[PDB]
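Take this structure first; my questions come after.
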Amino acid sequence: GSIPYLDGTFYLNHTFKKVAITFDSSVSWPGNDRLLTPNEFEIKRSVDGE
Amino acid sequence: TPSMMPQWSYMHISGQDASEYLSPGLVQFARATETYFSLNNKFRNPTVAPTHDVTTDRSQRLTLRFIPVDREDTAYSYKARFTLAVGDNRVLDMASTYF
Amino acid sequence: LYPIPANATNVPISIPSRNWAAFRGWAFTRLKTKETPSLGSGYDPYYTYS
Amino acid sequence: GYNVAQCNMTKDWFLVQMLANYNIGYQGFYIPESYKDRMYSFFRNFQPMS
Amino acid sequence: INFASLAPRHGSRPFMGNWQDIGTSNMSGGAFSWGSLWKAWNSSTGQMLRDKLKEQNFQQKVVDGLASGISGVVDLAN
Amino acid sequence: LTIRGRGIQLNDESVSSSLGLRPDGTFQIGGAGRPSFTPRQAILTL
Amino acid sequence: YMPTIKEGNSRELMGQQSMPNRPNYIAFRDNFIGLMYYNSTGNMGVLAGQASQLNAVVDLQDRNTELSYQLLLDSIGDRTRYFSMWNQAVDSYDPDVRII
Amino acid sequence: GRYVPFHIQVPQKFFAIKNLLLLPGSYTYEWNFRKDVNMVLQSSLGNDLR
Amino acid sequence: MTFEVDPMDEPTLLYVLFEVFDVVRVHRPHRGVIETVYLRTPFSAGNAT
Amino acid sequence: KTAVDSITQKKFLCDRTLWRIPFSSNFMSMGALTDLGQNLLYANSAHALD
């Protein structure tokens, strides 16, 4: 069928909870307290949603 | 730029753009033959973002969150009052604000 | 904190290449998973322990 | 061997039409931008079949 | 007091935008680009899906961000 | 010093730089900021 | 011990024996641990000069200030004593219970 | 139909030579192709054509 | 590092505290201004310009 | 009138596009060579990413 690795019809992006980025196992990349949850990027808050 | 690795400049990663490192001549040729033989899509034109005096290195938030200082209610309408604060070394574009 | 699976006896860890300047020493201990809140997380609907 | 677009149109003829209509063909055929493909144009009404 | 260092550099040359661009718009006489260009009772299926695809995407001429495409002619829908 | 500015005078200092540190790979500078009008840049631009 | 499952009072039921429910205490932590948010940059505390709201409190997820305060309290003073101002009363087991 | 003789044109996609302007000379041009059905075909259900 | 521990039937974690230096300096040039600068040497803090 | 108690579910779809985390100080497109990319901290030092 379709081959997302080649034709680029990505369809599974719906899923993705959160992503954390760390350099030297010490520092988070946007670590200057930029985002609301600056520790890591949150794609979707499941049920918590305060 | 001081820390520009020369391999970058040779490989047209940063430095002079297409209209300048080329010989004047090709430039002209190209300008003339634009209509029929394109030749703009075959050289590279580097783009470089600025480094200093554009972004604050010190710890600073992006999406500030203000809470209602005082709130009033009525049978048909209600009132909400916020103490919007904009500290120094900042600028707030009201277009982003939204209740 | 590094995870340890059930009935597992060998726990390898790693730190990628970095600078160990003025490093002071190690200290370690072991604790149960279901008795430790998830680090830097607001609310954990699964933390059922008191 | 003198066919193109998987239809019985000779390569020379296709090249001639494309050149006459949009000056395209000496640097790789591509779909012309819609603002050149008016209704009484060639590509807009080129319909191969099989 | 020169602010050229703040701008993106297009290669040994600051990317200074045109100074003639400060907004002004009102009810009449102000027009901006990017216009509104655009159980089947009828089972054709085909053109239908194709048309839906067309409906979700775009095309015009001042869309010249980046490149128009190879050999050329200058056209309309300004 | 003390130019009138625009009705409320403001003081003027050029070497009033207090926080000499800058965050390199190691440091992490927390909240800061002392608003001072640079003599030439800020005032003339104002 | 419930001798029979038959609902409603009956002759068998009178033999049932009771047992008190287990003890279960509940209170705040040793130092109100967890009451204040610590080491979670999401809901981090803030203390900044009102002129410039840039907070001067910059926590991390790596620090563990709760355990650090526990150890510091152990260090700079005695710990067996109890202070009721901030629930300062360290937890411990009965040594005859831990070791038989 | 099930059985179809085809005639097609395949472009050149490698970025190094996709837009190269070839100066006069006599160069050798060699490339491979895939005879595997599953990869060189696309199916609505994606069923294994082999 | 490689640790070997006795088996347990519950998921568990090994918490290794890499003891480091952790210092904060607080400075105040003028009234109503607090400026703090942090540091951890063996595991440095956030990156910047 | 006789409607059962309701619980609301929310989810989103974002197909065919790939999420992006630009290595820039302020998540913008100020240039092809983002300033963080050329920052002196990463110029001449070894780093590891987790």
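Which chain is which? They are A, B, C, D, E, F, G, H, I and J, in the order written, and residues in each are numbered from 1.
The rule is short, and it goes like this: a residue touches a chain if its C-beta (ideal position, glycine included) is under 8 Å from a C-beta of that chain, and two chains touch if they have at least 3 such contacts.
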item: Most central chain, Cα average position; value: J
item: Reference chain D; chain at largest CA-centroid distance; value: G
item: Euclidean distance of C-alpha centroids - chain B vs chain F, Å; value: 25
item: Distance between chain centroids, defined by C-alpha means - chain F, chain J (Å); value: 34
item: Interchain centroid distance [CA atoms averaged], chain C/chain I, Å; value: 14
item: Per-residue multi-chain contacts in chain G, two or more chains; value: 40-42, 48-49, 51-58, 61-62
item: Touching two or more other chains - residue numbers and ranges from chain E; value: 8-9, 70-73
item: Shared interface positions of chain F, touching two or more other chains; value: 22-25, 28-33, 35
item: Chain A residues touching chain J - in the complex, by the definition given at the top; value: 8-11, 13-14, 16, 19, 21-25, 41, 43-44
item: Of chain F, residues touching chain G in the complex; value: 28, 30-33, 35
item: Residues of chain C touching chain I in the complex; value: 1-14, 19-34, 36
item: Of all residues in chain B, those that touch chain I in their complex; value: 51-52, 55, 57-59
item: Touching residues on chain B, where the partner in the complex is chain E; value: 14-18, 20, 34-38, 40-41, 45-50, 52-54
